[PDB]
Amino acid sequence: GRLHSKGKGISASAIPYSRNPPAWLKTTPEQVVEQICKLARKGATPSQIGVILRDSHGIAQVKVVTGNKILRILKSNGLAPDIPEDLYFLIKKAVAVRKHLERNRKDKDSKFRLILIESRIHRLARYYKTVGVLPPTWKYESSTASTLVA
Amino acid sequence: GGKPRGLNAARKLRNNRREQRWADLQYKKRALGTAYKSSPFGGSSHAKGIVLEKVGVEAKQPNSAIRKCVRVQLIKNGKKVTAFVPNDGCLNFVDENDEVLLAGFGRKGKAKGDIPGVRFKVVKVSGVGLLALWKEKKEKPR
Amino acid sequence: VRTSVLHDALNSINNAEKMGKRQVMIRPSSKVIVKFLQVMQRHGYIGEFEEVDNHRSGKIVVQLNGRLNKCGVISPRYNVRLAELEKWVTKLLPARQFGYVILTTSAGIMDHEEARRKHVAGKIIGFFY
RNA sequence: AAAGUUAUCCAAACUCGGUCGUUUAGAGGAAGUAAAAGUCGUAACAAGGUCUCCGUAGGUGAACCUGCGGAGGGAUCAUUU
RNA sequence: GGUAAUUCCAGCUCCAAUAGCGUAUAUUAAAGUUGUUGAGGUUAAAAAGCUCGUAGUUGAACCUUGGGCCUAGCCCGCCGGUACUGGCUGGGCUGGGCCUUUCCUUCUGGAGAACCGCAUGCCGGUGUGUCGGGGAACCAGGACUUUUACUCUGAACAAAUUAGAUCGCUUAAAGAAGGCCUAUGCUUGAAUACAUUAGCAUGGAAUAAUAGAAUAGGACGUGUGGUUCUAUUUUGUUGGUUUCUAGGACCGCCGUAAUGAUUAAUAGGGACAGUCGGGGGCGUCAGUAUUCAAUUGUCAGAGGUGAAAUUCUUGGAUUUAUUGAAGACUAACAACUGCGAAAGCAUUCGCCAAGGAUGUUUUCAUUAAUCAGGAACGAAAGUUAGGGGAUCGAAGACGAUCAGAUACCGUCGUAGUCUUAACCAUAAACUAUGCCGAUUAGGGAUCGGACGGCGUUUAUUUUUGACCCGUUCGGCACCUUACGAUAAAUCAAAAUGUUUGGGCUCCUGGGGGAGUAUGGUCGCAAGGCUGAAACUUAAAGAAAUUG
RNA sequence: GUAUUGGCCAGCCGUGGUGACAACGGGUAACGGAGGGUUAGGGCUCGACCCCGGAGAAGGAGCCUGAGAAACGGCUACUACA
RNA sequence: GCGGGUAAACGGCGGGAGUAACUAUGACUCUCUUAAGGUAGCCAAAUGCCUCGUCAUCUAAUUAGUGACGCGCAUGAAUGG
RNA sequence: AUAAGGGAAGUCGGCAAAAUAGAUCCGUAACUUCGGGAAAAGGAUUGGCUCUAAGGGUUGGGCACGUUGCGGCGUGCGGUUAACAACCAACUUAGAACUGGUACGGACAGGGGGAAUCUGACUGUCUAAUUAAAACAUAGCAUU
Ligand SMILES: [Mg+2]
Ligand SMILES: [Mg+2]
Ligand SMILES: [Mg+2]
Ligand SMILES: [Mg+2]
Ligand SMILES: [Mg+2]
Ligand SMILES: [Mg+2]
Ligand SMILES: [Mg+2]
Ligand SMILES: [Mg+2]
Ligand SMILES: [Mg+2]
Ligand SMILES: [Mg+2]
Ligand SMILES: [Mg+2]
Ligand SMILES: [Mg+2]
Ligand SMILES: [Mg+2]
Ligand SMILES: [Mg+2]
Ligand SMILES: [Mg+2]
Ligand SMILES: [Mg+2]
Ligand SMILES: [Mg+2]
Ligand SMILES: [Mg+2]
Ligand SMILES: [Mg+2]
Ligand SMILES: [Mg+2]
Ligand SMILES: [Mg+2]
Ligand SMILES: [Mg+2]
Ligand SMILES: [Mg+2]
Ligand SMILES: [Mg+2]
Ligand SMILES: [Mg+2]
Ligand SMILES: [Mg+2]
Ligand SMILES: [Mg+2]
Ligand SMILES: [Mg+2]
Ligand SMILES: [Mg+2]
Ligand SMILES: [Mg+2]
Ligand SMILES: [Mg+2]
Ligand SMILES: [Mg+2]
Ligand SMILES: [Mg+2]
Ligand SMILES: [Mg+2]
Ligand SMILES: [Mg+2]
Ligand SMILES: [Mg+2]
Ligand SMILES: [Mg+2]
Ligand SMILES: [Mg+2]
Ligand SMILES: [Mg+2]
Ligand SMILES: [Mg+2]
Ligand SMILES: [Mg+2]
Ligand SMILES: [Mg+2]
Ligand SMILES: [Mg+2]
Ligand SMILES: [Mg+2]
Ligand SMILES: [Mg+2]
Ligand SMILES: [Mg+2]
Ligand SMILES: [Mg+2]
Ligand SMILES: [Mg+2]
Ligand SMILES: [Mg+2]
Ligand SMILES: [Mg+2]
Ligand SMILES: [Mg+2]
Ligand SMILES: [Mg+2]
Ligand SMILES: [Mg+2]
Ligand SMILES: [Mg+2]
Ligand SMILES: [Mg+2]
Ligand SMILES: [Mg+2]
Ligand SMILES: [Mg+2]
Ligand SMILES: [Mg+2]
Ligand SMILES: [Mg+2]
Ligand SMILES: [Mg+2]
Ligand SMILES: [Mg+2]
Ligand SMILES: [Mg+2]
């Protein structure tokens, strides 16, 4: 099912069979890219830049519209985040739980949750280290990790 | 069911078979060599001894008789054991200090029949042979 | 997780045939699977099969006509020389007259009888009779 | 050029101490198994006459009894505005 | 075997092997009772209380297929013939050449073919040669070519042994001998295959891994500049110097090119939206009841049991009403219903962090599955220090019953029962049923989310909320059925297993002795984890049937 | 120094080497192999012993001659027997 | 004076007869008796008269020493074990 | 103060005396409140003379101009001497050769040790002038 659970859900999204833009889109790939770079400089991460553009105006699939991947556009334009967003959010969540835990000494359940969260951080960090996005000497030290998020 | 089945898992299978193979009792007694240590015979088939006294042992509950066994002190290592004397009327022939020769019942260290706590039988007395003496094929030397 | 799509395909075929169906559906489709089906077809054990092409992996729908007893797969891919190949046919085939054992060799995957004719050996992947 | 002789080396052997392994004696204490026509009770098998069993703690000649929390392998697959 | 012994001691007769037969110990088959092929784990022996995680084992799909001609070899049928020949426009099968966008690296040297004409000579071909246009194939030498596993064929490797060919030692176990007319002679054999792990070569290129262009640090050019090193023979000989030429290393400018990134898994992680629950922590609010205390009225019994007594009572018991304090607990609603990894979780409200499922044309792109040792949590009871101490109540003290009653019944009653800070780590911790993945039959209920629809109800009312009908995803469960399984009870898994192989971990081998002795390790202790042997026994045990 | 290489040895200078893919240690009623016994296949068990290799001559050490010996039907010394 | 409570207050915590298929012992039973009849432990101990108690060990020889046995003249639980 | 051979046979009792003793390097048990026991037990070396090696301090670093009488400066601007040169200064540790009537902490100074029982937990205190102990006190515990 899942890495740390017993659920067996299958909720997901289905990609349409067609790989071509609809005839009513009438938007060039050259014009579309600047909205992505403007929003990235405004602060939005690649996760919800796609959903805001999708809901607000036009583009449903950036890959189908422009022929290139969304993260690849930011990286080629020098706007890629220093750390991946999924690890960034995992670190933020672990920090917030540790902060609650130190106030609530005998919350054994949150202690159990923290063990799972950190084990998931180590497993994901092993993949990033072995693929080369992060330097091989990077280590997750709990004491000062709170500065990385903010 | 539940064994490892991969193509590079020959070590796990060999280790498990070696470890679990000790649960067998025949092999456990073979590996530890209790016959060399605990068995009255030093892992041999026969043994020589000296008769000490004649003792009668009662049979078990359903039966009722006296089996007329005998006490023997082993020459090889000096411990004392009890052995059985078969057929009928043989007790007269075997005197005290008669240098008997022993064997097993074939139950491999366990009691035979209704006879309690006896694992050996007399084959020869004074080096003549009991059955041959019984059928008067020979005469016991003095 | 899914460790043998070939095992899934043959198990689904065996279940449907034993229960008497006429059509089968296979969710994952692969080149080794299709090459196996062609071997079955060349001996008449199955009928038409169709591979619908979604962009993920494609599917298979096979047409059955009875005439098939069982088709299984050996999961650990042993290494067999040419000289001991008759041990396997003695082991897991009801008789020598009929039945086939599927091998994989450097000349493609093939049955054990013409593979013997080609005087080649390799790895074992399954069987059917 | 023999006996003899000075200083190193290779070193058998003995004495004392330490440590490891095997076998074996021992007042007394406390168990197991078997053989009994022994003495005292009757715990379990029926709702065995206080339903049985598990973990824990205490008590009594003995099986055993009692408190707390579990299980049905139970003596109930079941009671309506 | 306890007085007519088919089983002891004897006589007859009969049975088995036979110059041999019995006994003891060891070892293999029997033993699918050690189980890779091939063994059990609901109740017969046996799934760790539960989760995380390292060694270890295992890991989704995807990159040159097909077609069109030619030809060699090998079988089968047929048509006849004579071992046996053509065939057949035969059918197969193996193999080798080209065109399809693909075909096959390169230079030097060797000898030399095929196709060409030159004149010289015979019966439209040839020697011809001291002819060159020309090198099919072959040989020798140099450079370049992702790397392993795997398989085919070779090489190298002991005599004896094993399998095995030949020869009538009079046959045979053996032996390597022998044979032929008549010979003052001739002739032959003394083979062959396997070993099998490691090492050395050759062909094949499926299956299973590995490397490559993303900050271009990428590929190519007889394009074009540089700066460094090396130096063959030619100018007599030697030494020094220079140019050209040849080679190597390294760095620019320009040009050439389709200039370089596989899907997005009913695998996984993350983000977002509206929700859901007796999931966790801290604080706070409420409820009757029990016991105690104060005030108040009346008068002889009250308690408790199958029946009594111990106990309290005009020093007013028991009972009635009002008020106060303290501690514990949250009835009815409450169910074949919910949440959590399990142990477990139920009065109101505020705060804090966490979670499942659904919805999604968001995001990353194999990040995954199970785990020896290792780690977190872990009912009740128990232990160490404070607070609290209503009710029940181990130990204890009395009253009955009984032959006895240290019990079952009744009145009291200490530790304990609650909480704060630390230990302990065991339960019938049970679904007695490990975890991930695929397929297999009908039904109707029900909890959460989403989608469609005819109506009713209702509000500062519409869209929303409540009820009704149908579909779908994910759960706790249930009824019928057997094509299936089991010894059976029974089971949608305990099925897809003698027609036996999807991945991983743990545990058991007749009953006792025994979860005992001893050693080690953790703990303040109680105890936890690991864990034998001597000896003894032919039965213990499971499911069902008649009594 | 040896017939020669080499932590074989003497001096100076570094701090390394092996291990859960089981090191190190304890048991062996253990000389190793070619091979014997038993069979559907897979295996289990034995191998002091006629062939090949290694070691020993009661237990330890030392050495001459000789191309070749740390030899024992060669010598020297100690222990135990005689 | 009458009626309750209190022992980490001062202190206390028993005799006699029978009884198991040799002998010995007495699990068991009757009986007198009151506030209760010494529980867990320990011992010829600095606490035992009989006593130089009995058995083992140490020595050629031990009224001494140590380890056990327990009807203990007259051991024993904050007069703390 | 010293004594041949024996070594507690003396005595209520090893009373008195003897034996061990510094420093450097090896080695170290049962038990345990894990802090100890421990200098446990038990071994080796130690002079004189001639040498070798190691452990430190101070002062010096390129050009390009302008004042002041070869120099102090004012500046601007480079390189890290593959660490060199001179001078100065006490002691502490390790190693080698030779040497002697085998001696060398040469006087002084300077722990005997082990296996067990009774009793008080420990450090501490008292009968000045016969008793220093098992006596008193102590932290801890409990009650009014
Ligand atoms: Mg997991
Ligand atoms: Mg799924
Ligand atoms: Mg002993
Ligand atoms: Mg004894
Ligand atoms: Mg009962
Ligand atoms: Mg029952
Ligand atoms: Mg008769
Ligand atoms: Mg008769
Ligand atoms: Mg079995
Ligand atoms: Mg049972
Ligand atoms: Mg069982
Ligand atoms: Mg695959
Ligand atoms: Mg022959
Ligand atoms: Mg997906
Ligand atoms: Mg009243
Ligand atoms: Mg209250
Ligand atoms: Mg509910
Ligand atoms: Mg309520
Ligand atoms: Mg584990
Ligand atoms: Mg608890
Ligand atoms: Mg408690
Ligand atoms: Mg206190
Ligand atoms: Mg308390
Ligand atoms: Mg009661
Ligand atoms: Mg009460
Ligand atoms: Mg358990
Ligand atoms: Mg269990
Ligand atoms: Mg479980
Ligand atoms: Mg609707
Ligand atoms: Mg039975
Ligand atoms: Mg039964
Ligand atoms: Mg290492
Ligand atoms: Mg040996
Ligand atoms: Mg041999
Ligand atoms: Mg020799
Ligand atoms: Mg010698
Ligand atoms: Mg000799
Ligand atoms: Mg010789
Ligand atoms: Mg008597
Ligand atoms: Mg007593
Ligand atoms: Mg006494
Ligand atoms: Mg005394
Ligand atoms: Mg004593
Ligand atoms: Mg004495
Ligand atoms: Mg004395
Ligand atoms: Mg007294
Ligand atoms: Mg007293
Ligand atoms: Mg006293
Ligand atoms: Mg003297
Ligand atoms: Mg003297
Ligand atoms: Mg002396
Ligand atoms: Mg005297
Ligand atoms: Mg004396
Ligand atoms: Mg003195
Ligand atoms: Mg010392
Ligand atoms: Mg000491
Ligand atoms: Mg010296
Ligand atoms: Mg000294
Ligand atoms: Mg003191
Ligand atoms: Mg005084
Ligand atoms: Mg004094
Ligand atoms: Mg005192």
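Conventions we followed
Residues numbered from 1 in each chain as written, not as in the entry; some residues may be left out. Chains lettered and ligands numbered in written order. Part of a larger assembly, values for the part shown. Heavy atoms only, no water. Polar contact = N/O pair within 3.5 Å; in protein donor to acceptor, adjacent residues only side chain to side chain. Helix = DSSP H or I, 4+ residues; strand = E, 2+ residues; numbered from the N terminus. 1 Å grid on protein atoms, 1.4 Å probe; cavity = no way out; pocket = protein on both sides within 12 Å on 5 of 7 lines; lining within 4 Å. Points joined across faces, edges and corners; volume = space filled by probe spheres on them. Nonpolar A, V, L, I, M, F, W, Y, C, P; charged D, E, K, R; others polar. Pairing = 2+ DSSP bridges. Axes fitted to C-alpha atoms, helices over the stretch in contact; angles between N-to-C directions. Parallel < 35°, antiparallel > 145°, perpendicular 65-115°, else oblique. Left-handed = near helix turned anticlockwise from the far one by under 90°. Contact = heavy atoms within 4.5 Å. Patch = residues over 30% accessible without salt bridge, like charges linked within 9 Å, V, L, I, M, F, W, Y side chains within 5 Å. Areas by Shrake-Rupley, 256 points an atom, 1.4 Å probe, with all protein chains shown as cover. Salt bridge = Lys/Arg side-chain N within 4 Å of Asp/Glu carboxyl O. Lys, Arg positive; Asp, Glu negative; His and termini not counted. Charge placed at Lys NZ, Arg CZ, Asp CG, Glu CD. Buried < 20%, exposed > 50% of the residue type's maximum accessible area, 1.4 Å probe, protein only. Near = heavy atom within 4 Å.

### Details of helix α2 (residues 25-32) of chain B
Okay, so step 1: Capping the start of α2(B) is the job of one residue whose side-chain oxygen sits 2.9 Å from the backbone nitrogen of B:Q26: B:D24.
Okay, so step 2: Phi turns positive one or two residues past the end of α2(B), at B:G33, with a value near 60°.

### Some remarks on the layout of surface pockets
Okay, so step 1: In this structure, the largest pocket spans a volume of roughly 830 Å³.
Okay, so step 2: What lines the largest pocket is a set of 30 residues, and nearest its centre among them are A:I15, A:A60, A:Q61, A:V62 and A:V64.
Okay, so step 3: At the level of elements, α2 (46-56) and α3 (62-66) of chain A are the ones that each hand at least two residues to the lining of the largest pocket.
Okay, so step 4: In terms of residue class, the lining of the largest pocket is made up of 16 nonpolar, 9 polar and 5 charged.
Okay, so step 5: By volume, the second largest pocket amounts to about 540 Å³.
Okay, so step 6: Together, 21 residues line the second largest pocket, and B:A35, B:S39, B:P40, B:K108 and B:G109 are the ones closest to its centre.
Okay, so step 7: Counting only elements with at least two residues in the lining of the second largest pocket, the list comes to α3 (34-37) and β4 (100-104) of chain B.

### Considering the sheet that holds strand β2 (residues 69-74) of chain B
Note: strands within a sheet are paired through backbone hydrogen bonds, in either parallel or antiparallel orientation.
Residues and elements named next belong to chain B.
Okay, so step 1: Judged by pairing direction, the sheet is antiparallel, and its 5 strands sit side by side in the order β3-β2-β1-β4-β5 without closing on themselves. The sheet is open, and its two borders are formed by β3 (80-83) and β5 (120-125), each paired with just one other strand. Neighbour-to-neighbour, the strand axes of the sheet open up by a mean angle of 50°, direction not taken into account.
Okay, so step 2: Across 4 bridges, β2 lies against β3 in antiparallel orientation. Bridge pairing in β3 links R71 to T82.

### Looking at the packing of helix α5 (residues 85-103) of chain A against helix α6 (residues 108-131) of chain A
All names here are of chain A.
Okay, so step 1: Between α5 and α6, whose axes approach to 10 Å, the crossing angle comes to 155°. With respect to each other, α5 and α6 are oriented roughly antiparallel. Crossing hand, α5 versus α6: left-handed. In contact with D86, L87, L90, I91, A94, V97, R98, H100 and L101 of α5, α6 contributes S110, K111, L114, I117, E118, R120, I121, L124 and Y128.

### Side note on a positive patch on the surface
Okay, so step 1: Where like charges cluster on the molecular surface, the positive patch consists of B:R21, B:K29, B:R30, B:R107, B:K108, B:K110 and B:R119.
Okay, so step 2: One can find B:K110 in the loop between β4 and β5.

### Observations concerning unusual backbone geometry
A negative phi angle characterises most non-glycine residues, just as the trans form characterises most peptide bonds.
Residue and element names in this part refer to chain B.
Okay, so step 1: In the Ramachandran plot, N97 falls in the positive-phi region, its phi being about 60° despite a non-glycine side chain.
Okay, so step 2: Residue position: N97 is located in the loop between β3 and β4.
Okay, so step 3: Residue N97 is classed as exposed on the basis of its relative accessible area of 52%.
Okay, so step 4: A positive phi is found at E136, a non-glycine position, where the angle reads about 55°.

### A closer look at the protein's contact with RNA strand E
Okay, so step 1: Near RNA strand E you find 114 residues, and of these A:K69, B:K12, B:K110, C:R81 and C:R117 are the closest.
Okay, so step 2: The sugar and phosphate moieties of RNA strand E supply 78% of its atoms located within 4 Å of the protein.
Okay, so step 3: The separation between a sugar or linking oxygen of RNA strand E and a polar side-chain atom of A:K6 is 2.9 Å.
Okay, so step 4: Here a phosphate oxygen of RNA strand E sits 3.4 Å away from a polar atom, N or O, in the main chain of A:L71.
Okay, so step 5: A per-element tally of the surface near RNA strand E places α6(A) first, with 11 residues.
Okay, so step 6: For the surface near RNA strand E, the residue count by class is 30 nonpolar, 38 polar and 46 charged.

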